[PDB]
>>> print(open('protein.cif').read())   # mmCIF, C-alpha atoms and all ligand atoms
data_coords
#
loop_
_atom_site.label_atom_id
_atom_site.label_comp_id
_atom_site.auth_asym_id
_atom_site.auth_seq_id
_atom_site.Cartn_x
_atom_site.Cartn_y
_atom_site.Cartn_z
CA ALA A 1 -14.28 -9.00 70.54
CA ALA A 2 -15.46 -12.06 68.58
CA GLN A 3 -15.43 -12.64 64.83
CA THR A 4 -17.55 -15.63 63.92
CA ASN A 5 -16.68 -17.92 61.01
CA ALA A 6 -13.15 -16.55 60.88
CA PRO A 7 -10.43 -18.17 58.81
CA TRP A 8 -9.23 -21.20 60.78
CA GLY A 9 -5.82 -19.61 61.43
CA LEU A 10 -7.32 -16.62 63.22
CA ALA A 11 -9.49 -18.89 65.34
CA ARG A 12 -6.43 -21.04 66.07
CA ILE A 13 -4.31 -18.13 67.32
CA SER A 14 -6.96 -17.31 69.93
CA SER A 15 -7.71 -20.86 71.00
CA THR A 16 -6.29 -23.44 73.39
CA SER A 17 -7.60 -26.17 71.04
CA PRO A 18 -7.88 -26.76 67.30
CA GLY A 19 -11.24 -27.19 65.60
CA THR A 20 -12.93 -23.88 66.43
CA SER A 21 -14.06 -21.13 64.02
CA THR A 22 -14.39 -17.92 66.04
CA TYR A 23 -11.53 -15.44 66.42
CA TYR A 24 -11.33 -13.72 69.82
CA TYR A 25 -9.24 -10.58 70.31
CA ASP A 26 -9.03 -7.37 72.33
CA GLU A 27 -10.86 -4.59 70.49
CA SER A 28 -7.71 -2.43 70.49
CA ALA A 29 -6.71 -4.71 67.61
CA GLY A 30 -3.19 -3.33 67.06
CA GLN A 31 -4.30 0.29 66.85
CA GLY A 32 -1.28 2.60 67.02
CA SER A 33 1.16 -0.04 65.82
CA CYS A 34 2.68 -0.44 62.37
CA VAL A 35 3.59 -3.50 60.36
CA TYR A 36 5.86 -3.43 57.34
CA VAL A 37 5.20 -6.19 54.82
CA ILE A 38 8.39 -6.64 52.83
CA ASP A 39 7.29 -8.57 49.81
CA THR A 40 5.74 -8.17 46.32
CA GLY A 41 3.85 -5.09 47.52
CA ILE A 42 0.30 -4.52 48.81
CA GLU A 43 -2.85 -3.65 46.90
CA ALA A 44 -3.64 -0.80 49.27
CA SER A 45 -6.94 -0.04 47.51
CA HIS A 46 -8.42 -3.39 48.53
CA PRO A 47 -11.61 -2.69 50.53
CA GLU A 48 -10.29 -5.09 53.16
CA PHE A 49 -7.55 -2.63 54.16
CA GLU A 50 -9.93 0.28 54.81
CA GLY A 51 -7.37 2.98 53.98
CA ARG A 52 -4.91 1.60 56.57
CA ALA A 53 -2.46 0.22 53.96
CA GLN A 54 0.10 2.19 51.96
CA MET A 55 3.02 1.43 49.67
CA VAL A 56 6.06 3.31 51.00
CA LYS A 57 8.88 1.85 48.84
CA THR A 58 9.65 -0.14 45.72
CA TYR A 59 12.85 -1.14 43.90
CA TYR A 60 11.03 -1.79 40.65
CA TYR A 61 9.27 0.24 37.98
CA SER A 62 6.03 0.14 39.95
CA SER A 63 4.97 -0.20 43.57
CA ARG A 64 1.87 -2.19 42.59
CA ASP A 65 1.53 -5.80 43.70
CA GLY A 66 1.32 -7.56 40.35
CA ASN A 67 1.61 -10.93 42.04
CA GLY A 68 -0.77 -11.16 44.99
CA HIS A 69 1.53 -12.85 47.53
CA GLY A 70 2.38 -9.55 49.30
CA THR A 71 -1.29 -8.61 49.40
CA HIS A 72 -2.15 -12.01 50.87
CA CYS A 73 0.45 -11.64 53.63
CA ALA A 74 -0.62 -8.07 54.44
CA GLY A 75 -4.20 -9.36 54.61
CA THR A 76 -3.22 -11.88 57.28
CA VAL A 77 -1.42 -9.19 59.27
CA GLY A 78 -4.23 -6.61 59.27
CA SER A 79 -7.15 -6.92 56.83
CA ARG A 80 -10.53 -6.36 58.47
CA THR A 81 -11.79 -9.90 57.78
CA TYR A 82 -8.61 -11.94 57.35
CA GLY A 83 -6.22 -10.13 59.67
CA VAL A 84 -4.87 -10.69 63.16
CA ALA A 85 -4.38 -7.00 63.98
CA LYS A 86 -7.45 -5.42 62.40
CA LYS A 87 -6.54 -1.80 63.24
CA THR A 88 -2.79 -1.76 62.50
CA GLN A 89 -1.19 0.51 59.88
CA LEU A 90 0.30 -1.52 57.04
CA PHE A 91 3.34 -0.34 55.04
CA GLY A 92 4.35 -2.12 51.85
CA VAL A 93 7.97 -2.43 50.76
CA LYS A 94 8.29 -4.05 47.35
CA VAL A 95 11.56 -6.00 47.36
CA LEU A 96 10.11 -8.83 45.27
CA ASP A 97 9.12 -8.47 41.62
CA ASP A 98 5.77 -9.61 40.22
CA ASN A 99 7.14 -13.13 39.77
CA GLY A 100 7.90 -13.17 43.52
CA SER A 101 11.65 -13.02 42.93
CA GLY A 102 14.24 -10.61 44.33
CA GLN A 103 17.99 -10.23 44.45
CA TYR A 104 19.44 -10.48 47.94
CA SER A 105 20.96 -7.02 47.51
CA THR A 106 17.48 -5.54 46.98
CA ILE A 107 16.04 -7.49 49.90
CA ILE A 108 18.84 -6.16 52.09
CA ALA A 109 18.28 -2.57 51.01
CA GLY A 110 14.56 -3.01 51.80
CA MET A 111 15.37 -4.16 55.35
CA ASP A 112 17.74 -1.25 55.91
CA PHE A 113 15.05 0.99 54.44
CA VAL A 114 12.51 -0.05 57.04
CA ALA A 115 15.02 0.45 59.90
CA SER A 116 15.26 4.11 58.85
CA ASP A 117 11.74 4.56 57.54
CA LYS A 118 10.03 3.82 60.85
CA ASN A 119 11.38 7.22 61.95
CA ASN A 120 9.10 8.73 59.31
CA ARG A 121 5.99 6.88 60.49
CA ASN A 122 3.64 7.29 63.44
CA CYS A 123 3.77 4.02 65.42
CA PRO A 124 3.49 4.89 69.12
CA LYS A 125 2.72 1.29 70.09
CA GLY A 126 5.65 -0.11 68.15
CA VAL A 127 6.88 -1.44 64.82
CA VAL A 128 6.85 -4.91 63.24
CA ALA A 129 8.29 -6.26 59.98
CA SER A 130 6.95 -9.38 58.23
CA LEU A 131 9.35 -11.11 55.82
CA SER A 132 7.68 -13.97 53.97
CA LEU A 133 10.71 -14.64 51.80
CA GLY A 134 14.07 -16.35 51.82
CA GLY A 135 16.80 -18.22 50.00
CA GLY A 136 20.06 -20.01 50.68
CA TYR A 137 22.24 -19.07 53.64
CA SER A 138 23.69 -15.58 53.41
CA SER A 139 25.56 -13.88 56.23
CA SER A 140 24.74 -10.50 54.68
CA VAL A 141 21.02 -11.19 54.54
CA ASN A 142 21.06 -12.39 58.15
CA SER A 143 23.00 -9.34 59.23
CA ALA A 144 20.46 -7.04 57.58
CA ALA A 145 17.66 -8.85 59.43
CA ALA A 146 19.71 -8.47 62.63
CA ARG A 147 20.15 -4.73 62.03
CA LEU A 148 16.43 -4.23 61.47
CA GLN A 149 15.65 -6.02 64.73
CA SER A 150 18.37 -4.17 66.65
CA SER A 151 16.94 -0.87 65.34
CA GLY A 152 13.73 -1.53 67.31
CA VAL A 153 11.55 -3.50 64.89
CA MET A 154 10.02 -6.87 65.74
CA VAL A 155 11.26 -8.92 62.81
CA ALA A 156 9.25 -12.01 61.84
CA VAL A 157 10.63 -14.20 59.03
CA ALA A 158 9.48 -17.37 57.25
CA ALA A 159 11.32 -20.58 58.15
CA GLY A 160 11.03 -21.70 54.52
CA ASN A 161 9.12 -24.39 52.61
CA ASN A 162 11.75 -27.06 51.93
CA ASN A 163 10.79 -29.60 54.65
CA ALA A 164 14.39 -29.06 55.69
CA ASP A 165 16.46 -27.60 58.54
CA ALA A 166 16.12 -23.81 58.41
CA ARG A 167 19.79 -23.40 59.42
CA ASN A 168 20.62 -23.40 55.68
CA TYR A 169 18.28 -20.55 54.77
CA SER A 170 18.28 -16.75 55.20
CA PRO A 171 16.99 -14.71 56.90
CA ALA A 172 15.43 -17.80 58.57
CA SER A 173 18.73 -18.79 60.18
CA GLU A 174 19.37 -15.45 61.88
CA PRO A 175 19.20 -16.07 65.66
CA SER A 176 18.11 -12.54 66.61
CA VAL A 177 14.86 -12.46 64.58
CA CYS A 178 11.66 -14.47 64.99
CA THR A 179 11.66 -17.51 62.68
CA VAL A 180 8.20 -18.90 61.97
CA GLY A 181 7.31 -22.45 60.90
CA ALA A 182 3.89 -23.46 59.57
CA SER A 183 1.11 -25.70 60.91
CA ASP A 184 -2.24 -27.01 59.56
CA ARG A 185 -5.78 -26.95 60.96
CA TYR A 186 -5.26 -30.33 62.66
CA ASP A 187 -2.15 -29.11 64.50
CA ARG A 188 0.23 -31.02 62.24
CA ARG A 189 3.46 -29.38 61.16
CA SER A 190 2.74 -28.34 57.56
CA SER A 191 4.29 -30.91 55.25
CA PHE A 192 6.50 -28.29 53.55
CA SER A 193 7.50 -26.36 56.66
CA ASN A 194 11.17 -26.09 57.53
CA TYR A 195 12.18 -26.97 61.09
CA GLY A 196 15.30 -26.88 63.27
CA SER A 197 16.83 -25.21 66.29
CA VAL A 198 16.62 -21.81 64.56
CA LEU A 199 12.80 -21.82 64.65
CA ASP A 200 11.22 -19.78 67.43
CA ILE A 201 7.53 -20.40 66.83
CA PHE A 202 4.87 -21.94 64.59
CA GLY A 203 1.79 -20.28 63.14
CA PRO A 204 -1.04 -21.35 60.81
CA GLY A 205 0.36 -21.89 57.32
CA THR A 206 -1.78 -24.42 55.44
CA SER A 207 -4.89 -23.36 53.53
CA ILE A 208 -4.98 -19.75 54.72
CA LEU A 209 -7.72 -17.49 53.36
CA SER A 210 -6.73 -13.85 52.83
CA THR A 211 -6.81 -10.92 50.44
CA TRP A 212 -5.59 -11.09 46.86
CA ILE A 213 -5.05 -8.61 44.06
CA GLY A 214 -7.96 -7.44 41.89
CA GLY A 215 -9.87 -6.86 45.14
CA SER A 216 -10.32 -10.63 45.55
CA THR A 217 -9.55 -13.36 48.09
CA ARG A 218 -7.66 -16.59 48.01
CA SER A 219 -6.57 -19.58 50.09
CA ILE A 220 -2.88 -20.47 49.77
CA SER A 221 -0.21 -22.26 51.86
CA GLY A 222 3.32 -21.62 53.13
CA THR A 223 5.54 -20.42 55.94
CA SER A 224 4.83 -17.17 54.08
CA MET A 225 1.29 -17.46 55.52
CA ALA A 226 2.38 -18.40 59.05
CA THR A 227 4.79 -15.46 59.34
CA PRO A 228 2.20 -12.69 59.11
CA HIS A 229 0.07 -14.40 61.77
CA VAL A 230 3.04 -13.93 64.10
CA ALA A 231 3.77 -10.42 62.83
CA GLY A 232 0.14 -9.44 63.36
CA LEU A 233 0.15 -11.09 66.78
CA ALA A 234 3.22 -9.09 67.81
CA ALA A 235 1.58 -5.83 66.71
CA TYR A 236 -1.56 -6.74 68.63
CA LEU A 237 0.41 -7.55 71.79
CA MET A 238 2.47 -4.39 71.45
CA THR A 239 -0.61 -2.16 71.37
CA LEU A 240 -1.90 -4.08 74.41
CA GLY A 241 1.37 -3.13 76.13
CA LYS A 242 2.19 -6.78 76.83
CA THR A 243 5.55 -6.67 75.10
CA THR A 244 7.98 -4.64 72.96
CA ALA A 245 9.80 -5.10 69.65
CA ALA A 246 12.88 -6.45 71.39
CA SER A 247 11.10 -9.13 73.40
CA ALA A 248 7.95 -9.92 71.43
CA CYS A 249 9.32 -13.13 69.92
CA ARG A 250 10.31 -14.39 73.39
CA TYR A 251 6.94 -13.30 74.78
CA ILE A 252 5.11 -15.16 72.00
CA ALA A 253 7.17 -18.29 72.67
CA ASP A 254 6.64 -17.92 76.42
CA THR A 255 2.84 -17.68 76.03
CA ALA A 256 2.44 -20.15 73.15
CA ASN A 257 0.40 -23.35 73.12
CA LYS A 258 3.04 -25.94 74.03
CA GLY A 259 3.53 -29.54 72.95
CA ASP A 260 0.34 -29.58 70.86
CA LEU A 261 1.80 -29.94 67.36
CA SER A 262 2.43 -33.27 65.64
CA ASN A 263 5.36 -34.24 63.39
CA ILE A 264 7.69 -31.78 65.11
CA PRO A 265 11.20 -33.17 64.61
CA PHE A 266 13.22 -33.85 67.73
CA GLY A 267 15.07 -30.65 68.71
CA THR A 268 12.59 -28.24 67.11
CA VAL A 269 10.33 -26.13 69.36
CA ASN A 270 6.77 -27.38 69.80
CA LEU A 271 5.17 -23.96 70.20
CA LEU A 272 2.11 -22.55 68.43
CA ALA A 273 1.37 -18.79 68.42
CA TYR A 274 -1.46 -17.94 70.83
CA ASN A 275 -2.84 -14.57 71.92
CA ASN A 276 -3.85 -15.72 75.43
CA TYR A 277 -6.95 -13.57 75.10
CA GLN A 278 -9.64 -14.10 77.70
CA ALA A 279 -12.87 -12.68 76.24
CA CA A 301 15.27 -15.64 67.64
#
>>> encode(input="protein.cif", output="structure tokens")
Amino acid sequence: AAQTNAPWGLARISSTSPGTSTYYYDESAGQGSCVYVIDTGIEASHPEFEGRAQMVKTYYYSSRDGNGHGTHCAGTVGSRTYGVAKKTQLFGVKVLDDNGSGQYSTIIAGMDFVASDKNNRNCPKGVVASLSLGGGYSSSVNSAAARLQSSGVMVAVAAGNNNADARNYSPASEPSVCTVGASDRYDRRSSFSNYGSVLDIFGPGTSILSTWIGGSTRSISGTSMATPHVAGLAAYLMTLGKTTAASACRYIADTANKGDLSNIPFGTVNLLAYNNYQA
């Protein structure tokens, strides 16, 4: 399949070179997989989701996304126009309030929630969780991310936006999950992207067009934007049968575009998510 004039990030994930605008992907498009977006929620009614999105949990007085960030991330995972995995099932878990803030205890409960909740969902091709959030190092937050992964969910987490070593952030610093840095359309490390040995992969993170609340669309930037590219990619590869939740991060690193990014600090992986799709 080919989607012309796609957001640059989608084109990038299916290309061996920057500077192209068509997204190429197998038509299976993550059908039969599920991706949890653990965030400010998802505006499931957005036409872009086509009835494939649903709020399944909130820790606040509403499950609505009153911010937009969660809806943006979900859009990058699996919206029809802006998504990597255009046929995945999207489940929203609102651990962040409408200001985009959340206590670590709530974030933890949301991760443990998903580890159980997948047993209440139909995801024959496998389960992914996208966590575009973080804060200072917490062993408890890392452990919750580790549990979710161990439970059989491909966990993708943002490296963080501090232009700093991700070792000091959580869940970014958890070795057992997939930590995602951000790049721009010229294959530069995004100026804000964290780096470090704890990173596993990079994805498009600067000037990313996706869904927003009020049935709208928006371009924003962050490792929050890179993460769902990787989450969507995992879901897509899982429905293709190429990998599983336990090894998807390794598979993505193994099949990534290598050595192509600029301003990658010494000791950080130079790997950019790539679907290796031959149309
Ligand atoms: Ca890892």
>>> residues_around(input="protein.cif", residues="residue 81 (chain A)", least_positions_apart="4", cutoff="10 Å", atoms="only C-alpha atoms", output="ChimeraX atom specification")
/A:3,5-7,10,48-49,75-76,86,209-211
>>> residues_around(input="protein.cif", residues="residue 119 (chain A)", least_positions_apart="6", cutoff="12 Å", atoms="all atoms listed in the file", output="list in words")
residues 34, 113, 126, 127, 151, 152 and 153 of chain A
>>> closest_residue(input="protein.cif", among="A:30, A:267, A:222, A:196", to="residue 125 (chain A)", atoms="all atoms listed in the file")
A:30
>>> closest_atom_pairs(input="protein.cif", of="chain A", to="ligand CA 301 (chain A)", cutoff="9 Å", atoms="all atoms listed in the file", output="Markdown table")
| residue | atom | partner | partner_atom | distance |
| --- | --- | --- | --- | --- |
| A:173 | CA | A:CA301 | CA | 8.8 |
| A:174 | CA | A:CA301 | CA | 7.1 |
| A:175 | CA | A:CA301 | CA | 4.4 |
| A:176 | CA | A:CA301 | CA | 4.3 |
| A:177 | CA | A:CA301 | CA | 4.4 |
| A:178 | CA | A:CA301 | CA | 4.6 |
| A:179 | CA | A:CA301 | CA | 6.4 |
| A:198 | CA | A:CA301 | CA | 7.0 |
| A:199 | CA | A:CA301 | CA | 7.3 |
| A:200 | CA | A:CA301 | CA | 5.8 |
| A:249 | CA | A:CA301 | CA | 6.8 |
| A:250 | CA | A:CA301 | CA | 7.7 |
>>> closest_residue(input="protein.cif", among="A:224, A:99, A:193, A:239", to="residue 124 (chain A)", atoms="all atoms listed in the file")
A:239
>>> residues_near_point(input="protein.cif", point="(3.6, -9.6, 44.2)", cutoff="10 Å", atoms="all atoms listed in the file", output="list in words")
residues 39, 40, 41, 42, 43, 63, 64, 65, 66, 67, 68, 69, 70, 71, 72, 94, 95, 96, 97, 98, 99, 100, 101, 212 and 213 of chain A
>>> residues_around(input="protein.cif", residues="residue 189 (chain A)", least_positions_apart="3", cutoff="10 Å", atoms="all atoms listed in the file", output="ChimeraX atom specification")
/A:163,181-186,192-195,202-206,261-265,270
>>> residues_around(input="protein.cif", residues="residue 14 (chain A)", least_positions_apart="6", cutoff="12 Å", atoms="all atoms listed in the file", output="ChimeraX atom specification")
/A:1-3,6-8,20-26,84,203-204,229,233,236,255-257,272-279
>>> closest_residue(input="protein.cif", among="A:166, A:180, A:35, A:245", to="residue 122 (chain A)", atoms="all atoms listed in the file")
A:35
>>> residues_around(input="protein.cif", residues="region 131-143 of chain A", least_positions_apart="3", cutoff="8 Å", atoms="all atoms listed in the file", output="VMD selection string")
chain A and resid 37 to 39 73 104 107 to 108 146 to 147 155 to 158 160 167 to 174 223 to 225 227 to 228
>>> axis_aligned_box(input="protein.cif", around="region 39-49 of chain A", padding_each_side="6 Å", output="JSON")
{"center_x": -2.2, "center_y": -4.3, "center_z": 50.2, "size_x": 30.9, "size_y": 20.5, "size_z": 19.8}
>>> build_atoms(input="protein.cif", residues="region 155-178 of chain A", atoms="N, CA and C atoms", output="PDB file, keeping the file's coordinate frame")
ATOM      1  N   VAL A 155      11.119  -8.280  64.113  1.00  0.00           N
ATOM      2  CA  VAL A 155      11.260  -8.920  62.810  1.00  0.00           C
ATOM      3  C   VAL A 155      10.761 -10.353  62.847  1.00  0.00           C
ATOM      4  N   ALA A 156       9.765 -10.653  62.013  1.00  0.00           N
ATOM      5  CA  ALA A 156       9.250 -12.010  61.840  1.00  0.00           C
ATOM      6  C   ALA A 156       9.593 -12.474  60.425  1.00  0.00           C
ATOM      7  N   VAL A 157      10.212 -13.651  60.318  1.00  0.00           N
ATOM      8  CA  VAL A 157      10.630 -14.200  59.030  1.00  0.00           C
ATOM      9  C   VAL A 157      10.169 -15.648  58.833  1.00  0.00           C
ATOM     10  N   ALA A 158       9.916 -16.016  57.581  1.00  0.00           N
ATOM     11  CA  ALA A 158       9.480 -17.370  57.250  1.00  0.00           C
ATOM     12  C   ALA A 158      10.616 -18.357  57.437  1.00  0.00           C
ATOM     13  N   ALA A 159      10.311 -19.527  57.994  1.00  0.00           N
ATOM     14  CA  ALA A 159      11.320 -20.580  58.150  1.00  0.00           C
ATOM     15  C   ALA A 159      11.724 -21.136  56.794  1.00  0.00           C
ATOM     16  N   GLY A 160      10.787 -21.124  55.843  1.00  0.00           N
ATOM     17  CA  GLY A 160      11.030 -21.700  54.520  1.00  0.00           C
ATOM     18  C   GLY A 160      10.193 -22.939  54.273  1.00  0.00           C
ATOM     19  N   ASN A 161      10.023 -23.302  53.003  1.00  0.00           N
ATOM     20  CA  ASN A 161       9.120 -24.390  52.610  1.00  0.00           C
ATOM     21  C   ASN A 161       9.793 -25.605  51.979  1.00  0.00           C
ATOM     22  N   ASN A 162      10.930 -26.018  52.530  1.00  0.00           N
ATOM     23  CA  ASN A 162      11.750 -27.060  51.930  1.00  0.00           C
ATOM     24  C   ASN A 162      11.670 -28.402  52.693  1.00  0.00           C
ATOM     25  N   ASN A 163      10.794 -28.481  53.694  1.00  0.00           N
ATOM     26  CA  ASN A 163      10.790 -29.600  54.650  1.00  0.00           C
ATOM     27  C   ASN A 163      12.217 -29.961  55.052  1.00  0.00           C
ATOM     28  N   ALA A 164      12.969 -28.928  55.423  1.00  0.00           N
ATOM     29  CA  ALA A 164      14.390 -29.060  55.690  1.00  0.00           C
ATOM     30  C   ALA A 164      14.756 -28.226  56.908  1.00  0.00           C
ATOM     31  N   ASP A 165      15.978 -28.399  57.405  1.00  0.00           N
ATOM     32  CA  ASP A 165      16.460 -27.600  58.540  1.00  0.00           C
ATOM     33  C   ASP A 165      16.709 -26.165  58.077  1.00  0.00           C
ATOM     34  N   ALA A 166      16.073 -25.220  58.763  1.00  0.00           N
ATOM     35  CA  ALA A 166      16.120 -23.810  58.410  1.00  0.00           C
ATOM     36  C   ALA A 166      17.494 -23.175  58.628  1.00  0.00           C
ATOM     37  N   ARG A 167      18.420 -23.913  59.235  1.00  0.00           N
ATOM     38  CA  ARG A 167      19.790 -23.400  59.420  1.00  0.00           C
ATOM     39  C   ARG A 167      20.461 -23.000  58.102  1.00  0.00           C
ATOM     40  N   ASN A 168      20.034 -23.625  57.002  1.00  0.00           N
ATOM     41  CA  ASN A 168      20.620 -23.400  55.680  1.00  0.00           C
ATOM     42  C   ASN A 168      19.904 -22.360  54.844  1.00  0.00           C
ATOM     43  N   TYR A 169      19.046 -21.565  55.482  1.00  0.00           N
ATOM     44  CA  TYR A 169      18.280 -20.550  54.770  1.00  0.00           C
ATOM     45  C   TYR A 169      18.375 -19.187  55.456  1.00  0.00           C
ATOM     46  N   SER A 170      18.180 -18.118  54.686  1.00  0.00           N
ATOM     47  CA  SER A 170      18.280 -16.750  55.200  1.00  0.00           C
ATOM     48  C   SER A 170      17.111 -15.921  54.688  1.00  0.00           C
ATOM     49  N   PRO A 171      16.583 -15.015  55.525  1.00  0.00           N
ATOM     50  CA  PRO A 171      16.990 -14.710  56.900  1.00  0.00           C
ATOM     51  C   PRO A 171      16.523 -15.711  57.970  1.00  0.00           C
ATOM     52  N   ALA A 172      15.965 -16.854  57.577  1.00  0.00           N
ATOM     53  CA  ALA A 172      15.430 -17.800  58.570  1.00  0.00           C
ATOM     54  C   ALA A 172      16.448 -18.169  59.655  1.00  0.00           C
ATOM     55  N   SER A 173      17.712 -18.298  59.264  1.00  0.00           N
ATOM     56  CA  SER A 173      18.730 -18.790  60.180  1.00  0.00           C
ATOM     57  C   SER A 173      19.306 -17.734  61.116  1.00  0.00           C
ATOM     58  N   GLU A 174      18.829 -16.497  61.020  1.00  0.00           N
ATOM     59  CA  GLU A 174      19.370 -15.450  61.880  1.00  0.00           C
ATOM     60  C   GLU A 174      18.808 -15.584  63.294  1.00  0.00           C
ATOM     61  N   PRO A 175      19.679 -15.828  64.297  1.00  0.00           N
ATOM     62  CA  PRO A 175      19.200 -16.070  65.660  1.00  0.00           C
ATOM     63  C   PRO A 175      18.379 -14.920  66.270  1.00  0.00           C
ATOM     64  N   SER A 176      18.676 -13.684  65.888  1.00  0.00           N
ATOM     65  CA  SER A 176      18.110 -12.540  66.610  1.00  0.00           C
ATOM     66  C   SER A 176      16.716 -12.123  66.148  1.00  0.00           C
ATOM     67  N   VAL A 177      16.212 -12.750  65.086  1.00  0.00           N
ATOM     68  CA  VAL A 177      14.860 -12.460  64.580  1.00  0.00           C
ATOM     69  C   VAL A 177      13.933 -13.641  64.870  1.00  0.00           C
ATOM     70  N   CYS A 178      12.635 -13.456  64.645  1.00  0.00           N
ATOM     71  CA  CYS A 178      11.660 -14.470  64.990  1.00  0.00           C
ATOM     72  C   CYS A 178      11.364 -15.343  63.767  1.00  0.00           C
TER      73      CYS A 178
END
